[PDB]
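Letters go in sequence order (proteins before strands), and every chain restarts at 1. What's counted below: heavy atoms across the whole structure, side chains too, no hydrogens, waters or symmetry copies.
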Amino acid sequence: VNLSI
Amino acid sequence: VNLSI
Amino acid sequence: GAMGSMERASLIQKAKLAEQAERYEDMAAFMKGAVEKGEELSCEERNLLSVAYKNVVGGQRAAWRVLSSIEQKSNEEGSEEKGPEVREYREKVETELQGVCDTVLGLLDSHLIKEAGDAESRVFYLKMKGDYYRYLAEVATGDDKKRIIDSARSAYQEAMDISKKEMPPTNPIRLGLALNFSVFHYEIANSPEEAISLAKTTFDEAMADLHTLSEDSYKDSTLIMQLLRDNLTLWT
Amino acid sequence: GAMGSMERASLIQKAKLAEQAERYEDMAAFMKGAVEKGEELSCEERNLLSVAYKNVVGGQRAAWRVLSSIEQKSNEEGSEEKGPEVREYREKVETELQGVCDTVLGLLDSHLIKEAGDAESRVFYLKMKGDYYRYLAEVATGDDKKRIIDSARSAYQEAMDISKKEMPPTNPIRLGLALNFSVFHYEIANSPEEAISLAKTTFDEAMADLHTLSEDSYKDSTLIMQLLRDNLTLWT
Ligand SMILES: [Cl-]
Ligand SMILES: [Cl-]
Ligand SMILES: [Mg+2]
Ligand SMILES: [Mg+2]
Ligand SMILES: [Mg+2]
Ligand SMILES: [Mg+2]
C-alpha cells in the first residue's frame, strides 16, 4: 500500500 | 496470559 | 431493536461480511438481531455469535487491564495525585464491558438456553454463560462478587456434567469448556490445584481417544489440547 | 456535546489514557471535546487529535476496502446473485467513514484553521484538511467527486506553499505533508509522474539539510524520508 503519515 | 477459547 | 426490520438471513450474511472486515461490533449487533428473531441457531450461527462477542469483550477486557494497572500504580506510595480521571475512565470502560456481558447473558436467558436440547448447543450456550459471568467476575469488587463467581461456576458445572455424559473426550466443545473452566479455577476461584487437575485429566482422556478420529477431527482436537498443555506449562 | 461538562485538562488526560488502552474512538471523542472548548491547541494536543482520528478512519478505510472488493467481485461475469446485502453494508461503513471525515473537517473549519497563525500549526491543520478530503475522495463516485478532489488539492497546496516559505526542508511536518500530497497525486489525481517528482525532490532537499540537525532531529527526519523512499521504490 502507499505509505502515508 | 491464561489461554482460553 | 434496530435490526428488527432486517431479514434473518441478511443479518447472518452481514455478520459474515463484518467478520471479514474485522468489524466485530457490527458483527455482534447483526448476530444479536438474528437471535432476537426467535429461531434456534445452527452450529455455524452459534459460532458467529460467539466469535463476535468474544472479540468485542476481548478488546474491552484488554483496555480495562491497561487502565486498572495505571490506577493501581497511582495508589502506590509516592505517586503524585492526578485527580479522579484515571478512576473515572476505568469505570467508563468497566461499565461498557459489563453492559456487553449483560447483553450476552440476556440473549442466553431469553431464550437460547431453554430451547437448546442437543448436547452440542446446550453445552455451547452454558459455556458461554460461564464465560461471561467469568468476565463480570474479573472486574467485580463489591457485595455481589461471590454470587457472580458462583453463577460462573454453576453454569460451567452444568455444561461439564452434560459434556461428560453426552460427548466424547475429544469433542472440541467439551475440550474448550474444560480449558475455560480450568482458567476459572486458576484465575477467579483461587483454586490452582483444581485448575491443574482438570487440565491434565482433560488432556489425558482426549489423548486416549484420538485414535478414533479422522485426520480433520484429529487436527481440531489436538489444537485445543495444545492450549491445555500451554496452560499446564505456565502453571507448573 | 457530551463532553461539554468535562474540564479541558481532564479531556486531554483521558485522551492519553485512551491511547494507552488503544481505545481510539474514545480518544477521538475526548479530543473533539477538547477542541470544542475553543482554545487553540498546543503541539502535543494537535498530535493527539490527529493520532486519534487517523486510527479511527484508518480502520474504517481498511474495512471499506475489504467490502468494496467483495462487492466488485459480485459484479463480475459468472458471479451468483446474492441480493443487496453486500452493497448495503459497504454503504453503511462508507457513510460512517464520511461522517468521521465531516466531523474532522468541521473542527478544522470551526475554528482551528482560522485561529492558527504559526507555520507549525497552520501547515499541520491544512495537511489534515487535505488528508480528510482525500479519504472522502477515495470513496467518492458521484457528481461531487471532482470538487472533493480539488478541495484536497487546494488544502495540500496552501500547506505546501507555507511550508516551503516558513520551514526547513527537514521539518517533519513539511516532510509528512509532502509524503501525503505525493500519495494524493499517485492514488487520487491520476498523476504518478507528479507523485514521483515530488517525493524525489522532497527527499533530496531534506538529505542536503540533515547536516544542520541534532541526533534526535536527524532521527525524526530520516524516519519520514524513508517513507518517501519506500513509495519511490514501489512506484518506480
Ligand atoms: Cl470518562
Ligand atoms: Cl447494513
Ligand atoms: Mg423473514
Ligand atoms: Mg430445541
Ligand atoms: Mg474549565
Ligand atoms: Mg492564533
Side-chain angles (χ1 to χ4, degrees), chain A, chain D residues 47 50-51 54-55 57-58 61-62 64-66 69 123-124 127-128 130-132 134-135 137-138 152 156 171-189 191-192 195-196 198-199 202-203 220-236:
Chain A
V1 89
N2 306 315
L3 294 147
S4 62
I5 203 182
Chain D
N47 281 279
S50 66
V51 165
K54 177 174 206 306
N55 277 91
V57 78
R61 290 162 73 210
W64 185 93
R65 289 190 292 271
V66 165
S69 171
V123 176
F124 185 93
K127 177 185 172 288
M128 193 173 316
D131 288 339
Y132 283 86
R134 171 160 60 89
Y135 306 148
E138 286 177 342
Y156 282 137
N171 179 276
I173 303 166
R174 181 169 167 182
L175 290 174
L177 164 62
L179 177 77
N180 289 13
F181 195 19
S182 79
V183 171
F184 168 84
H185 287 312
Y186 191 90
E187 185 69 13
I188 307 302
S191 298
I196 291 166
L198 178 56
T202 298
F203 181 98
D220 293 334
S221 297
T222 57
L223 177 134
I224 307 175
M225 290 170 67
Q226 182 65 47
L227 308 171
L228 294 163
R229 180 59 62 192
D230 291 343
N231 280 346
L232 286 166
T233 295
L234 182 57
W235 298 341
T236 63

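For chain A, the nearby part of D/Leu234 is the side chain; its heavy atoms alone come within less than 4.5 Å.
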Donor-acceptor pairs under 3.5 Å, chain A versus chain D:
| unit_1 | atom_1 | unit_2 | atom_2 | d |
| --- | --- | --- | --- | --- |
| A/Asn2 | OD1 | D/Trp235 | NE1 | 3.1 |
| A/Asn2 | ND2 | D/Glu187 | OE1 | 3.1 |
| A/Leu3 | N | D/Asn231 | OD1 | 2.9 |
| A/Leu3 | O | D/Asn231 | ND2 | 3.0 |
| A/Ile5 | N | D/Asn180 | OD1 | 3.0 |
| A/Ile5 | O | D/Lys127 | NZ | 2.9 |
| A/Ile5 | O | D/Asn180 | ND2 | 2.8 |

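In this structure, A/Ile5 CD1 and D/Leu227 CG are separated by 5.5 Å, a value rounded to the nearest 0.5 Å.
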